[PDB]
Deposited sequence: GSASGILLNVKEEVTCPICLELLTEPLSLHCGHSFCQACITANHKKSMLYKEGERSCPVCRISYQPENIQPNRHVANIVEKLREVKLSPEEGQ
């Protein structure tokens, strides 16, 4: 269950744990340095981007 969780908070671009995660309305997130959604291709306004401090804390309480 811990591997599945770590994979949920893994940036699909750099393949490392999310660093300054920025989330899309589709639910997918990326490292701030790492940015249509690259994953699901659902379009987004280049301002509907919002940082996800909750995920950032989950990433830290992981390893």
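Student: No C-alpha coordinates means not modelled. Give me those stretches of the deposited sequence in order.
Tutor: Sequence ranges with no C-alpha atoms are 1 to 5, 41 to 55, 84 to 93.
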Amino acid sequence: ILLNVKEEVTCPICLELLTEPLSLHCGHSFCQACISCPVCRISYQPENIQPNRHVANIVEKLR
From here on, numbers count along this sequence of modelled residues.
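Student: With respect to the recorded C-alpha B factors, which stretch has the higher mean value, 5 to 13 or 44 to 52?
Tutor: Averaging CA B-factors over each stretch, the winner is 44 to 52.
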